[PDB]
$ cat input_9.cif   # mmCIF, C-alpha atoms
data_target
loop_
_atom_site.label_atom_id
_atom_site.label_comp_id
_atom_site.auth_asym_id
_atom_site.auth_seq_id
_atom_site.Cartn_x
_atom_site.Cartn_y
_atom_site.Cartn_z
CA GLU K 6 0.00 0.00 0.00
CA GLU K 7 3.12 2.31 0.53
CA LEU K 8 3.16 2.55 -3.35
CA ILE K 9 -0.51 3.67 -3.61
CA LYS K 10 -0.36 7.41 -2.82
CA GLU K 11 -3.25 9.68 -1.75
CA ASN K 12 -3.35 10.96 -5.40
CA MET K 13 -2.83 8.44 -8.27
CA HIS K 14 -3.00 8.71 -12.07
CA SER K 15 -4.02 5.80 -14.34
CA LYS K 16 -3.60 5.06 -18.06
CA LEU K 17 -5.89 2.49 -19.73
CA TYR K 18 -5.75 0.55 -23.05
CA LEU K 19 -8.81 -1.49 -24.09
CA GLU K 20 -9.47 -3.67 -27.12
CA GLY K 21 -12.85 -5.20 -27.73
CA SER K 22 -15.64 -6.41 -29.96
CA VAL K 23 -19.42 -6.13 -29.37
CA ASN K 24 -21.67 -8.07 -31.79
CA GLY K 25 -18.60 -8.43 -34.08
CA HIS K 26 -17.75 -4.64 -34.17
CA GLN K 27 -14.05 -4.19 -33.17
CA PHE K 28 -12.86 -1.06 -31.33
CA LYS K 29 -10.13 0.37 -29.08
CA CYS K 30 -10.32 2.83 -26.15
CA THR K 31 -7.80 4.71 -23.98
CA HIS K 32 -8.29 6.65 -20.75
CA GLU K 33 -6.31 9.06 -18.61
CA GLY K 34 -7.66 9.08 -15.07
CA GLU K 35 -6.88 10.44 -11.62
CA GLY K 36 -8.35 9.87 -8.18
CA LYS K 37 -7.93 9.55 -4.44
CA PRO K 38 -7.48 5.84 -3.77
CA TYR K 39 -8.13 6.15 0.04
CA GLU K 40 -11.22 8.43 -0.52
CA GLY K 41 -12.58 5.88 -3.00
CA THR K 42 -13.00 8.49 -5.82
CA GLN K 43 -11.73 8.79 -9.40
CA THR K 44 -12.37 10.47 -12.71
CA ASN K 45 -11.35 9.13 -16.13
CA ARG K 46 -11.31 10.82 -19.55
CA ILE K 47 -12.16 8.06 -22.11
CA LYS K 48 -11.45 8.17 -25.87
CA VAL K 49 -12.74 5.69 -28.49
CA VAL K 50 -9.54 5.74 -30.67
CA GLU K 51 -10.54 3.02 -33.23
CA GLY K 52 -13.92 1.75 -34.51
CA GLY K 53 -15.88 4.79 -33.15
CA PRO K 54 -18.50 6.09 -33.11
CA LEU K 55 -19.77 2.82 -31.60
CA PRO K 56 -23.10 1.31 -32.83
CA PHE K 57 -24.07 0.43 -29.21
CA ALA K 58 -24.60 2.24 -25.88
CA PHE K 59 -21.21 3.20 -24.39
CA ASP K 60 -22.88 2.54 -20.97
CA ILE K 61 -22.20 -1.24 -21.39
CA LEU K 62 -18.40 -0.56 -21.30
CA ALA K 63 -18.47 1.95 -18.31
CA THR K 64 -17.44 -0.66 -15.65
CA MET K 65 -14.43 -1.74 -17.80
CA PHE K 66 -12.59 1.55 -16.92
CA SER K 70 -10.41 0.47 -11.16
CA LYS K 71 -10.27 -1.51 -7.88
CA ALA K 72 -7.29 0.35 -6.18
CA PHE K 73 -9.62 3.37 -5.66
CA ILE K 74 -11.97 1.78 -3.11
CA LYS K 75 -12.09 3.38 0.33
CA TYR K 76 -11.39 0.51 2.82
CA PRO K 77 -11.95 1.25 6.55
CA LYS K 78 -9.16 0.26 9.00
CA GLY K 79 -9.74 -3.40 10.01
CA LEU K 80 -11.04 -4.50 6.58
CA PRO K 81 -7.95 -5.65 4.63
CA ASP K 82 -7.56 -4.01 1.18
CA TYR K 83 -6.78 -6.93 -1.20
CA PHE K 84 -6.26 -4.54 -4.17
CA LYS K 85 -3.89 -2.03 -2.55
CA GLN K 86 -2.01 -4.95 -0.79
CA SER K 87 -1.28 -6.54 -4.22
CA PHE K 88 1.31 -3.83 -5.27
CA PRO K 89 3.92 -3.60 -6.58
CA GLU K 90 2.93 -6.77 -8.62
CA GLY K 91 -0.78 -5.72 -9.00
CA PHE K 92 -3.79 -7.89 -9.80
CA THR K 93 -6.10 -9.09 -12.58
CA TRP K 94 -9.87 -9.50 -12.93
CA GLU K 95 -12.02 -11.76 -15.13
CA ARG K 96 -15.67 -10.72 -15.46
CA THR K 97 -18.87 -11.97 -17.09
CA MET K 98 -21.82 -9.62 -17.60
CA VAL K 99 -25.12 -11.29 -18.51
CA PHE K 100 -27.96 -8.94 -19.57
CA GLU K 101 -31.54 -10.30 -19.02
CA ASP K 102 -32.45 -9.63 -22.76
CA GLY K 103 -29.58 -11.88 -24.06
CA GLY K 104 -26.37 -9.81 -24.40
CA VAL K 105 -23.21 -11.31 -22.78
CA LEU K 106 -19.85 -9.54 -22.26
CA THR K 107 -16.74 -11.30 -20.94
CA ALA K 108 -13.67 -9.23 -20.11
CA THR K 109 -10.25 -9.60 -18.53
CA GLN K 110 -8.09 -6.83 -17.09
CA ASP K 111 -4.48 -6.49 -15.98
CA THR K 112 -3.59 -3.77 -13.40
CA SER K 113 0.09 -2.92 -12.97
CA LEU K 114 2.05 -0.03 -11.43
CA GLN K 115 4.94 1.56 -13.46
CA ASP K 116 6.77 4.69 -12.16
CA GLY K 117 3.88 5.75 -9.83
CA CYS K 118 1.23 5.41 -12.64
CA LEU K 119 -1.47 2.66 -12.62
CA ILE K 120 -1.56 0.86 -16.03
CA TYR K 121 -4.81 -0.90 -17.07
CA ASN K 122 -4.95 -3.41 -19.97
CA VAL K 123 -8.52 -4.59 -20.83
CA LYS K 124 -9.81 -7.09 -23.37
CA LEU K 125 -13.49 -7.71 -23.89
CA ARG K 126 -15.86 -9.68 -26.12
CA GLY K 127 -19.61 -9.08 -26.32
CA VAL K 128 -22.12 -11.11 -28.29
CA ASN K 129 -25.83 -11.65 -28.92
CA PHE K 130 -26.99 -8.11 -27.94
CA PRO K 131 -30.45 -8.00 -29.62
CA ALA K 132 -30.76 -5.63 -32.66
CA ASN K 133 -34.05 -4.13 -31.26
CA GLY K 134 -32.83 -3.90 -27.60
CA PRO K 135 -31.89 -0.70 -25.74
CA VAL K 136 -28.09 -1.36 -26.00
CA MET K 137 -28.00 -1.51 -29.89
CA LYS K 138 -30.74 1.23 -30.18
CA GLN K 139 -28.75 3.48 -27.65
CA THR K 140 -31.76 4.22 -25.35
CA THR K 141 -29.79 3.78 -22.05
CA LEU K 142 -29.11 6.58 -19.47
CA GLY K 143 -26.39 5.20 -17.21
CA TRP K 144 -26.17 2.67 -14.39
CA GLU K 145 -28.01 2.72 -11.04
CA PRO K 146 -25.70 2.76 -7.97
CA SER K 147 -24.85 -0.81 -6.86
CA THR K 148 -23.52 -3.09 -4.12
CA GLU K 149 -21.00 -5.84 -4.97
CA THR K 150 -20.42 -8.66 -2.46
CA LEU K 151 -16.77 -9.89 -2.38
CA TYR K 152 -16.09 -13.45 -1.11
CA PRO K 153 -12.65 -14.90 -0.28
CA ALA K 154 -12.01 -18.03 -2.46
CA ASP K 155 -8.53 -19.73 -2.48
CA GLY K 156 -6.42 -16.54 -2.33
CA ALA K 157 -8.74 -14.76 -4.87
CA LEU K 158 -11.87 -12.62 -4.40
CA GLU K 159 -15.16 -13.53 -6.11
CA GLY K 160 -17.51 -10.62 -6.72
CA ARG K 161 -21.26 -10.77 -7.44
CA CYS K 162 -23.24 -7.70 -8.38
CA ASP K 163 -26.76 -7.04 -9.79
CA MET K 164 -26.71 -3.81 -11.79
CA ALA K 165 -29.27 -2.03 -13.93
CA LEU K 166 -29.12 0.44 -16.80
CA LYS K 167 -31.75 3.17 -16.70
CA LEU K 168 -33.75 3.31 -19.97
CA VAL K 169 -35.25 6.26 -21.91
CA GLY K 170 -38.99 6.26 -21.10
CA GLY K 171 -38.54 4.54 -17.68
CA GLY K 172 -37.60 1.04 -16.53
CA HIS K 173 -34.29 -0.80 -16.31
CA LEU K 174 -32.27 -3.35 -18.23
CA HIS K 175 -30.87 -5.78 -15.59
CA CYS K 176 -27.34 -7.20 -15.75
CA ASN K 177 -25.68 -9.84 -13.50
CA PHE K 178 -21.89 -9.45 -12.90
CA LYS K 179 -19.60 -12.26 -11.77
CA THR K 180 -15.96 -11.30 -11.31
CA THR K 181 -12.85 -13.08 -10.01
CA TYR K 182 -10.06 -10.83 -8.68
CA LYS K 183 -6.53 -12.37 -8.51
CA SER K 184 -3.45 -10.83 -6.85
CA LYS K 185 -0.18 -11.35 -8.77
CA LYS K 186 1.47 -11.33 -5.25
CA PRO K 187 2.11 -14.65 -3.39
CA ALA K 188 -0.80 -15.47 -0.91
CA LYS K 189 1.67 -15.63 2.06
CA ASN K 190 2.18 -11.81 1.72
CA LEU K 191 -1.61 -10.96 1.73
CA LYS K 192 -4.01 -10.66 4.68
CA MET K 193 -7.34 -11.99 3.23
CA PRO K 194 -10.47 -9.94 3.97
CA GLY K 195 -13.65 -11.68 5.12
CA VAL K 196 -16.88 -11.37 3.11
CA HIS K 197 -17.55 -7.64 2.57
CA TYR K 198 -19.53 -5.23 0.38
CA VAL K 199 -18.47 -2.36 -1.90
CA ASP K 200 -21.09 0.36 -2.52
CA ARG K 201 -20.52 2.23 -5.82
CA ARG K 202 -22.00 5.11 -7.82
CA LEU K 203 -20.74 5.42 -11.42
CA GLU K 204 -21.75 8.69 -13.14
CA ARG K 205 -21.11 9.99 -16.68
CA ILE K 206 -20.16 13.70 -16.01
CA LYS K 207 -19.54 14.74 -19.71
CA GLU K 208 -19.59 13.29 -23.28
CA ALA K 209 -18.84 14.61 -26.80
CA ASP K 210 -18.72 13.39 -30.43
CA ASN K 211 -21.38 10.59 -30.33
CA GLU K 212 -19.89 9.08 -27.13
CA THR K 213 -16.28 8.92 -28.54
CA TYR K 214 -15.22 11.16 -25.62
CA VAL K 215 -16.56 10.27 -22.12
CA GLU K 216 -15.74 11.53 -18.61
CA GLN K 217 -16.80 9.10 -15.82
CA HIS K 218 -16.69 9.61 -12.03
CA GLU K 219 -16.86 6.68 -9.58
CA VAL K 220 -17.07 6.60 -5.78
CA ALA K 221 -16.56 3.17 -4.17
CA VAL K 222 -16.58 2.49 -0.42
CA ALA K 223 -15.99 -0.98 1.19
CA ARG K 224 -17.73 -2.12 4.46
CA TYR K 225 -18.54 -5.06 6.68
CA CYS K 226 -22.24 -5.67 7.22
CA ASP K 227 -23.09 -3.20 10.03
CA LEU K 228 -26.54 -4.73 10.94
CA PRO K 229 -26.98 -6.11 14.47
CA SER K 230 -26.10 -9.83 14.93
CA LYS K 231 -27.88 -12.09 17.47
CA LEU K 232 -25.13 -14.83 17.25
#
$ encode --input "input_9.cif" --output "structure tokens"
Amino acid sequence: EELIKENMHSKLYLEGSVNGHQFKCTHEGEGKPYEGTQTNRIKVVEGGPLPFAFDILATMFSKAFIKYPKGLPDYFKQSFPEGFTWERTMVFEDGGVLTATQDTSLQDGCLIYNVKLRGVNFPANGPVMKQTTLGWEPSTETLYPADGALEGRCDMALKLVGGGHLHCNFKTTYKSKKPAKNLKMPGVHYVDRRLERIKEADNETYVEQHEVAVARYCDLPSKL
């Protein structure tokens, strides 16, 4: 954690395909990893403008920026200098599936993100391909220790134009590149998040996102 400063910058490279359309993205981001906040400036550098709602990519663009209270070990910040990876599946209730993998490394004080994603079977008449989405609802991920890794589970929803939601189930595995003997494993815990688009230009080829993420134990009373 000594390497994760109170202010950190990040650079991201992303390659993907959705319904067979190839594209690339970059971001420059900065945030306050112990305050759980960050902002990224995202560019679609190849294959843009995209024929599908940029919203579906918004969670591809940062686990080192979660505010962890003292007494809840921070798996992500503990992983440095080696860093960590994640492998995610996103299943939309109208048929679209996205799988993605991500490498997070630290070079010269800068966080480097490498993402690869593949999305298929998004319906031609659905809100993703028609671009009638309006951002994600805030969410809670549960994180479960599993053999040195964390498993995350999260139900998320995209707001739609005209009202209602398109539901999406997220399953993620987070893996430290550090040896397990050097990590204190957290228990089961929860990460509350709010992802907001703060600005866009040029048919979503330029996007500014803000995220706040705060980790906690379950604070409800316990009889046992």
$ atom_distance --input "input_9.cif" --atom1 "atom CA of residue K:226" --atom2 "atom CA of residue K:200"
11.5 Å
$ residues_around --input "input_9.cif" --residues "residue K:159" --least-positions-apart "4" --cutoff "9 Å" --atoms "only C-alpha atoms" --output "JSON, numbers by chain"
{"K": [150, 151, 152, 153, 154, 179, 180, 181, 182]}
$ write_last_selection --input "input_9.cif" --atoms "C-alpha atoms" --output "compact mmCIF listing (two decimals), in the coordinates of the input"
# COMPACT_ATOMS: atom_id res chain seq x y z
CA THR K 150 -20.42 -8.66 -2.46
CA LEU K 151 -16.77 -9.89 -2.38
CA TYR K 152 -16.09 -13.45 -1.11
CA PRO K 153 -12.65 -14.90 -0.28
CA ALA K 154 -12.01 -18.03 -2.46
CA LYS K 179 -19.60 -12.26 -11.77
CA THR K 180 -15.96 -11.30 -11.31
CA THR K 181 -12.85 -13.08 -10.01
CA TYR K 182 -10.06 -10.83 -8.68
$ closest_residue --input "input_9.cif" --among "K:218, K:184, K:39, K:199" --to "residue K:78" --atoms "all atoms listed in the file"
K:39
$ residues_around --input "input_9.cif" --residues "stretch 125-139 of chain K" --least-positions-apart "2" --cutoff "7 Å" --atoms "all atoms listed in the file" --output "number ranges by chain"
K: 20-24, 56-58, 103-109, 123, 141
$ resolve_selection --input "input_9.cif" --expression "the PyMOL selection byres ((chain K and resi 121) around 6)" --output "PDB file with C-alpha atoms, in the frame of the given file"
ATOM      1  CA  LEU K  17      -5.890   2.490 -19.730  1.00  0.00           C
ATOM      2  CA  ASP K 111      -4.480  -6.490 -15.980  1.00  0.00           C
ATOM      3  CA  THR K 112      -3.590  -3.770 -13.400  1.00  0.00           C
ATOM      4  CA  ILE K 120      -1.560   0.860 -16.030  1.00  0.00           C
ATOM      5  CA  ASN K 122      -4.950  -3.410 -19.970  1.00  0.00           C
TER       6      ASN K 122
END
$ closest_residue --input "input_9.cif" --among "K:190, K:44, K:140, K:31" --to "residue K:168" --atoms "all atoms listed in the file"
K:140
$ closest_residue --input "input_9.cif" --among "K:145, K:82, K:60, K:101" --to "residue K:193" --atoms "only C-alpha atoms"
K:82
$ residues_near_point --input "input_9.cif" --point "(8.5, -8.2, -10.6)" --cutoff "10 Å" --atoms "only C-alpha atoms" --output "ChimeraX atom specification"
/K:88-91,185-186
$ closest_residue --input "input_9.cif" --among "K:158, K:99, K:8, K:166" --to "residue K:63" --atoms "only C-alpha atoms"
K:166
$ closest_residue --input "input_9.cif" --among "K:163, K:6, K:208, K:227" --to "residue K:86" --atoms "only C-alpha atoms"
K:6
$ closest_residue --input "input_9.cif" --among "K:59, K:66, K:28, K:83" --to "residue K:209" --atoms "all atoms listed in the file"
K:59
$ resolve_selection --input "input_9.cif" --expression "the PyMOL selection byres ((chain K and resi 53) around 9)" --output "list in words"
residues 28, 29, 49, 50, 51, 52, 54, 55, 56, 211, 212 and 213 of chain K
$ atom_distance --input "input_9.cif" --atom1 "atom CA of residue K:114" --atom2 "atom CA of residue K:38"
13.6 Å
$ atom_distance --input "input_9.cif" --atom1 "atom CA of residue K:194" --atom2 "atom CA of residue K:72"
14.8 Å
$ residues_around --input "input_9.cif" --residues "residue K:47" --least-positions-apart "6" --cutoff "8 Å" --atoms "all atoms listed in the file" --output "JSON, numbers by chain"
{"K": [30, 31, 32, 33, 213, 214, 215, 216, 217]}
$ resolve_selection --input "input_9.cif" --expression "the PyMOL selection byres ((chain K and resi 79) around 12)" --output "VMD selection string"
chain K and resid 76 to 78 80 to 82 192 to 195 197 223 to 225
$ write_last_selection --input "input_9.cif" --atoms "C-alpha atoms" --output "compact mmCIF listing (two decimals), in the coordinates of the input"
# COMPACT_ATOMS: atom_id res chain seq x y z
CA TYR K 76 -11.39 0.51 2.82
CA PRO K 77 -11.95 1.25 6.55
CA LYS K 78 -9.16 0.26 9.00
CA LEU K 80 -11.04 -4.50 6.58
CA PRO K 81 -7.95 -5.65 4.63
CA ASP K 82 -7.56 -4.01 1.18
CA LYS K 192 -4.01 -10.66 4.68
CA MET K 193 -7.34 -11.99 3.23
CA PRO K 194 -10.47 -9.94 3.97
CA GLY K 195 -13.65 -11.68 5.12
CA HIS K 197 -17.55 -7.64 2.57
CA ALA K 223 -15.99 -0.98 1.19
CA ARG K 224 -17.73 -2.12 4.46
CA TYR K 225 -18.54 -5.06 6.68
$ residues_near_point --input "input_9.cif" --point "(-7.2, 7.3, -3.8)" --cutoff "9 Å" --atoms "only C-alpha atoms" --output "PyMOL selection string"
chain K and resi 9-13+35-43+72-75
